Protein chains: 2
Amino acid sequence: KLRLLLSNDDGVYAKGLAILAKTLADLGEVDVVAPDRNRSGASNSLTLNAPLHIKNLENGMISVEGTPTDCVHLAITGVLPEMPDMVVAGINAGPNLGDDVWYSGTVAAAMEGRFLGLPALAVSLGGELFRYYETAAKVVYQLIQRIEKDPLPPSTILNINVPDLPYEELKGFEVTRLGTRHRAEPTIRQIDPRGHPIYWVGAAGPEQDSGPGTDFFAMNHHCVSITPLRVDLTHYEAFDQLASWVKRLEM
Amino acid sequence: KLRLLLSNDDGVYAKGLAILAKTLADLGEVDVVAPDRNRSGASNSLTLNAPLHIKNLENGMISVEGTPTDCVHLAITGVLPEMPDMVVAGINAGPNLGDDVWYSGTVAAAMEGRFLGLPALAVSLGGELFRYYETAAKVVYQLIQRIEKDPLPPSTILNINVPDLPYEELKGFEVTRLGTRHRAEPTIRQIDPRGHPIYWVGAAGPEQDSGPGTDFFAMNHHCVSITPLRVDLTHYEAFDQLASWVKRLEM
């Protein structure tokens, strides 16, 4: 069979998502469960205090009045009649590189697919212009066909970024680590029309660790970037110092 | 004098936060910057699409019309006059164990207090009754007191869960790894007053990986559980295998 669950964070009507769904429709059964509108910065947020409305669209897609994580979670806990085999999230309007991945709703939807039997993919198109969604879609199509022939470890979550170029201009595929940024920009305080102060979250800081081997570098050099993400947040490297510290607390 | 920034995800009115703030005010200068509403499930979502209104309450707590991550992020990028020395989030009404940390606003607040340099603690009280916030407050007091004299690595973020028991009934402190949960409970479908289907996210699933060494195991045996969390999401251990697989993709 191969049943693919697709979601995104740009909203159910986004171009990135429609192109991905059309292209993957040739590989298996595609279900789309996506937010009804733009949910950037949603990260892995779940809506817990309120219930969500859900609408079946004329085109077959399912639109949810909730977050990207809400979409995938609901989809794999009863909203879909049949359990999907993997999650693919995207194609995002914009890159998800380095520190940005921590806040990304696109990455979060993929992460929610860790419960399934096959790898989950998050896919993002770089730049600000978004001219070649078809390139990202082709990359994903290829990854899935291979995953069928050549299994990856279970609970593999791949963060994929694709240069906004024609497929032929792509310089290769690279396994990368997450780059880093410098400190975030300060908050911006303004005064609203009634004289109440308001504060914007500042922009992310400039790229810091962006050298060879990072996702930033691969993208800046026209390579598809593929980063495998941890599903266990335990800092094992810290155990030695922390455990001895806890031992010293016994009085 | 030690500067502590306190936040939470239960909201600025929560008993857990009030107790924690009263207790730690003895150890240093405390600034409280917390959401004006219950933001359970917020994960590290950030408000990017709009500016945030912030207000000072009569008791000196700062109330933010946004997420727990918004609170800490704004607090450390120009809302406050001085950089805090550490961030303490909680005390949460309910445990944050294993998988929970992906969605927890409380954990995210502490985590935001890390990858901008600062040490940080997330603190959660177990169970569903929350009879002994004072116990979690006392535990945190002792850990911070000790941290001042017997320093942990500067990059440390701790996820702390406290059994809901009188302090005298705690069996100890334990370093732990994140356990795992079984599949989450089914979505709960209802109909709204106007005849439209609505769906509630179901409760977290039962403990799966719950044996010796895990946070669940420590909590089940009445120990305070202490898990250090990592800031690098790159799954390095998977690189070599993934790199090899990407080459076969390119074949």
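In what follows, chains carry the letters A, B, and so on, assigned in the order in which the sequence lines appear, proteins first and then strands, with residues in each chain numbered from 1.
- If you measure heavy-atom distances from B:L178 to chain A, the contacts under 4.5 Å come from both the backbone and the side chain.
- To the nearest 0.5 Å, the span separating SG on B:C223 from CG on B:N161 amounts to 12.5 Å.
- Heavy-atom distances place both the backbone and the side chain of B:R177 under 4.5 Å from chain A.
- Only the backbone of B:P197 has a heavy atom closer than 4.5 Å to any heavy atom of chain A.
- When the candidates B:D232, B:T227, B:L152, B:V246 are compared by the number of heavy-atom contacts under 4.5 Å with chain A, B:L152 comes out ahead.
- For B:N49, the part lying under 4.5 angstrom from a heavy atom of chain A is the backbone only.
- Within the 4.5 angstrom heavy-atom criterion, atoms from both the backbone and the side chain of B:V79 approach chain A.
- In summary, A:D150 and B:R248 engage in a salt bridge, as defined by a charged side-chain N under 4.0 Å from a carboxylate O.
- A donor-acceptor pair under 3.5 Å is absent between the side-chain atoms of A:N38 and the main chain of A:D10, judged by distance alone.
- Look at A:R181 and A:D100 and you find a salt bridge, because one of the NZ, NE, NH1 or NH2 atoms lies within 4.0 Å of a carboxylate O, short of that distance.
- With a threshold of 4.5 angstrom between heavy atoms, B:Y236 approaches chain A through its backbone and through its side chain.
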| message | One pair to check against side-chain contact (heavy atoms from CB on, under 4.5 Å): A:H53 and B:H196. What are the steps and the verdict? | response | CA-CA 7 Å; A:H53 288 87; B:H196 307 299; 3.9 Å; yes
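- From A:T176, atom OG1 reaches atom CE of A:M219 across 10.0 Å, with rounding to the nearest 0.5 Å.
- Heavy atoms closer than 4.5 Å to chain B are found in the backbone of A:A42, but not in its side chain.
- Per-residue counts of heavy-atom pairs under 4.5 Å with chain B were compared for A:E185, A:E250, A:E237; the largest is that of A:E237.
- With a 4.5 Å cut-off on non-hydrogen atoms, A:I147 touches chain B through its backbone and its side chain both.
- Looking at B:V201, both its backbone and its side chain come within 4.5 Å of chain A, counting heavy atoms on both sides.
- Heavy-atom distances place no part of A:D99 under 4.5 Å from chain B, backbone and side chain included.
- B:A50 touches chain A through its backbone: at least one of N, CA, C or O sits under 4.5 Å from a heavy atom, while the side chain does not.
- For the set B:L242, B:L48, B:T180, the entry with the most heavy-atom pairs within less than 4.5 Å of chain A is B:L242.
- Of the listed residues (B:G41, B:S45, B:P51), the one with the most heavy-atom contacts under 4.5 Å to chain A is B:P51.
- Chain B forms the most heavy-atom pairs under 4.5 Å with one residue out of A:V101, A:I198, A:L233, A:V64, and that residue is A:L233.
- Heavy atoms closer than 4.5 Å to chain A are found in the side chain of B:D192, but not in its backbone.
- With B:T187 contributing its side chain and A:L74 its backbone, the two residues share no donor-acceptor pair below 3.5 Å.
- A side-chain donor-acceptor contact under 3.5 Å links A:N92 and A:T106.
- Of the atoms belonging to A:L143, heavy atoms from both backbone and side chain fall under 4.5 Å from chain B.
- A:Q190 does not touch chain B: none of its heavy atoms, backbone or side chain, sits under 4.5 Å away.
- For the residue pair B:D70/B:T47, the side-chain donor-acceptor check at 3.5 Å is satisfied.
- Residues A:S124 and A:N96 have side chains that bring a donor and an acceptor to within less than 3.5 angstrom of each other.
- Rounding to the nearest 0.5 Å gives a distance of 6.0 Å between CD of A:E112 and NE2 of A:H73.
- Here A:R37 does not pair with A:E65 in a salt bridge; the nearest charged N to carboxylate O distance is not below 4.0 Å.
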